[PDB]
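Asks: Here you go, one structure.
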Amino acid sequence: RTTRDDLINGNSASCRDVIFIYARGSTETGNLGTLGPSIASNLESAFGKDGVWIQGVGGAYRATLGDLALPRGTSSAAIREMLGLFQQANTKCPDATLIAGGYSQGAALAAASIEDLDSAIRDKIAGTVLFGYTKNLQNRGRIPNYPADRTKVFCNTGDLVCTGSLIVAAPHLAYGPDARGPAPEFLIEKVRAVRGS
């Protein structure tokens, strides 16, 4: 379903090897929204249920549509909430490999959080996927301070938010197939590249 709090609920004595932190789009439900569940089920198939913890960004992140217009594409409160989850993962499970993702406002949130994150923690994020990245043009398809090889952006032709606008057109709502195949495929490949088998 749309709410997963595996990191918050998880036991430090039995940490998963992989922790996925994901931010939903504006007005979406739970803490995973429309795309998160599809990615989650595929990660679970590859690493097994006890092998991966799925954590959505909830709490202070209310995914308010109007916040897309703020300087960083989301609110300060939301960034602090996502930063807190990365810090929680790092303290709770020091040896877990992290992966991240975000859709629309959540993609701006993921980018802002990763930019502000302490380098020692940021460097543990093996891969990040962004769908309908609202700061795609502004950041030239990159996440500041984060390697291009660990980044995968899914920006549909005709998705105006990828070209510097805040208009929501039909292509912005067409990332379903990407969340079902290429996105988890990329995340799995990036985790295996560093963890092996």
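Going from the start of the chain as shown, residues are counted 1 onward.
Heads up, the Cβ atoms here are built off N, Cα and C, so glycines get one too.
Dumping what Swiss-Prot says about this protein:
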- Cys15-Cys93: disulfide bond (DISULFID)
- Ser26: site 'Transition state stabilizer' (SITE)
- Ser104: active site, nucleophile (ACT_SITE)
- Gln105: site 'Transition state stabilizer' (SITE)
- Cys155-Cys162: disulfide bond (DISULFID)
- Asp159: active site (ACT_SITE)
- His172: active site, proton donor/acceptor (ACT_SITE)
Asks: Taking the Cβ of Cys155 (disulfide bond) as the centre, how many other Cβ atoms fall within a 10 Å radius?
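Replies: Other Cβ atoms found within 10 Å: 21.
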Asks: For a quick check of understanding: among the disulfide-bonded residues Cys15, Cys93, which residue's Cβ has the most other Cβ atoms within 10 Å?
Replies: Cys93
Asks: Under DSSP, is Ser26 (site 'Transition state stabilizer') helix, strand or coil?
Replies: coil
Asks: Which residues of the same chain, at least 6 positions away in sequence, have a Cβ lying under 8 Å from the Cβ of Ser104 (active site, nucleophile)?
Replies: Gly25, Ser26, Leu68, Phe131, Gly132, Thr134, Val161, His172
Asks: Roughly how many angstrom lie between the C-alpha atoms of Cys93 (disulfide bond) and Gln105 (site 'Transition state stabilizer')?
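Replies: A Cα-Cα distance of 27 Å.
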Asks: Tell me, how many other CB atoms lie within 10 A of the CB of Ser26 (site 'Transition state stabilizer'), whichever protein chain they belong to?
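Replies: Other Cβ atoms within 10 Å of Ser26 (site 'Transition state stabilizer'): 19.
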Asks: Between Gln105 (site 'Transition state stabilizer') and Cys162 (disulfide bond), how far is it from one CA atom to the other, in Å?
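Replies: For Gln105 (site 'Transition state stabilizer') versus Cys162 (disulfide bond), the Cα atoms are 12 Å apart.
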Asks: Please classify the secondary structure at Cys15 (disulfide bond) using three-state DSSP.
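Replies: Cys15 (disulfide bond) sits in coil per DSSP, no helix or strand.
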Asks: Whole-number Å only: compute the distance from the Cα of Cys155 (disulfide bond) to the Cα of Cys15 (disulfide bond).
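Replies: Pair distance, Cα basis, whole Å: 34 Å.
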Asks: What is the number of other Cβ atoms found within 10 Å of the Cβ of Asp159 (active site)?
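Replies: A count of 25.
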Asks: Among all protein chains shown, how many Cβ atoms are found within 10 Å of the Cβ of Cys162 (disulfide bond), not counting that one?
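Replies: There are 24 of them.
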